[PDB]
Amino acid sequence: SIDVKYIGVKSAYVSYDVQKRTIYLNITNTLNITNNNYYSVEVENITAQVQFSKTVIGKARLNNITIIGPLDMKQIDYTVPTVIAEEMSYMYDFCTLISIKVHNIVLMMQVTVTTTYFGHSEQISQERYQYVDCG
Amino acid sequence: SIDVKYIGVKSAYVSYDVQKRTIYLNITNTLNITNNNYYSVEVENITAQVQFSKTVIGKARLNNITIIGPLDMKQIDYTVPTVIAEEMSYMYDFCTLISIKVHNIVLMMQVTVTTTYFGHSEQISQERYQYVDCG
Amino acid sequence: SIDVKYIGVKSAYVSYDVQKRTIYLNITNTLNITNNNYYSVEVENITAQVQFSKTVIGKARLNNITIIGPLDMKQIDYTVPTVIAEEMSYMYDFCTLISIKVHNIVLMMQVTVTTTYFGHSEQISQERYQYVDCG
């Protein structure tokens, strides 16, 4: 919630990059850094009263106070019918990264059907570092 | 929730990178760093009262106070029918990374049907570092 | 929840990288680092009262206070029918990493049907470092 970085190659505080047929003669670097980070996040002071019927007196009657009625979820549901008579396939693959007809599914339900949650909830996902290298 | 970084290659505080036919003569580096991190996160002070019927007196009657009625979930449900008469396949694969018709499913349910959760909940996933190297 | 890093190759505090036909003559590095990390996370002070009927007196009657009625889950349920008359397959694979028709399923349920959870819950998953190297 403060530093959410997606970086491509490299991350650094102080970085020197000297490449590709270069000459670097008798230099004098002198850093005097003072880098202090005082985070104080999420400091909460909660005081909650949560009733559904507080202090009912005197020959009363309640009915169907909280009804989360008929509930239906069908999150990922997909149909891929394939009707073929004659299929001919040729793959000549070299130094490649092929994915044919794969199904990559990720599902993360943090706080599903519930009542009266306090505190903190966090979901983090990061996946599939795939890579191919040929000389 | 503070430093959620997805980095491609390298991560460093102080980094020097000297490559590819370079000359680096009699230099004088002198760092004087002071890097202090005082995190104080998630400091919570909760005080909760959660009743469903507090202090009912006097010949009263309650009914169906909290009813989370008929509940249905069908999270991942997918049909891949394939009707073929004649299929001919040829794969000539070299130095490659092939995935054919795979099914990669990840499912993480932190706090499902419940009541009165306190505290903290955290879900983290990161997967499939795949890699192919040929000379 | 603070440092959730997905790094590609390398991670370091102070890093030197000198490669690929380079010359590095009579240098003088001098670091004076002071790196202190004082984490104080998740410091909680909870005080909860959770009743479903507190202090009912006097010829009262309660009924169906908390009813989490008919509940159904069908998390991962998928059908892959395959009807073939004549299938001919040829695979000539070299230095490769093949996965054909695999099923990789991961399921993690932290706090399922419950009541009155306190404290902390954490789920972490990270898998499938696959790798192929040919000279």
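Numbering starts at 1 and runs along the chain as it is shown here.
Method of determination (from the header): electron microscopy, 3.4 Å.
In case you wondered, yes, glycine gets a Cβ from its N, Cα and C as well.
Annotation note: C:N26 (N-linked glycosylation site) sits in a coil segment as assigned by DSSP. Over all protein chains present, the Cβ of C:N26 (N-linked glycosylation site) has 10 other Cβ atoms lying within 10 Å. Taken from Swiss-Prot, the feature N-linked glycosylation site covers C:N26 (among others), and the record attributes it to experimental evidence.
Per Swiss-Prot, the feature N-linked glycosylation site maps to C:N32 (among others). The C-beta environment of C:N32 (N-linked glycosylation site), restricted to residues of the same chain at least 6 apart in sequence and closer than 8 Å, is empty. C:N32 (N-linked glycosylation site) carries a strand DSSP state (E or B).
According to Swiss-Prot, the N-linked glycosylation site annotation covers C:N45 (among others). Here the Cβ of C:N45 (N-linked glycosylation site) has 10 other Cβ atoms within 10 Å, regardless of which shown protein chain they belong to. When secondary structure is read from DSSP and collapsed to three states, C:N45 (N-linked glycosylation site) falls in the strand class.
Positions annotated as N-linked glycosylation site by Swiss-Prot: C:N64 (among others). When Cβ atoms from all protein chains are considered, those within 10 Å of C:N64 (N-linked glycosylation site) total 14, not counting its own.
Non-local contacts of C:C134 (disulfide bond) by the CB criterion (under 8 A, 6+ apart in sequence, same chain) comprise C:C95. C:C134 (disulfide bond) falls within a strand segment according to DSSP. Marked as disulfide bond by Swiss-Prot: C:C95-C:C134.
Geometry remark: C:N26 (N-linked glycosylation site) versus C:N45 (N-linked glycosylation site), CA distance 57 Å. In the three-state DSSP scheme, C:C95 (disulfide bond) falls into the coil class.
Neighbour count (other Cβ atoms within 10 Å of the Cβ, all protein chains): 17 for C:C95 (disulfide bond).
Taking the Cα atom of each, C:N45 (N-linked glycosylation site) and C:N64 (N-linked glycosylation site) are about 33 angstrom apart.
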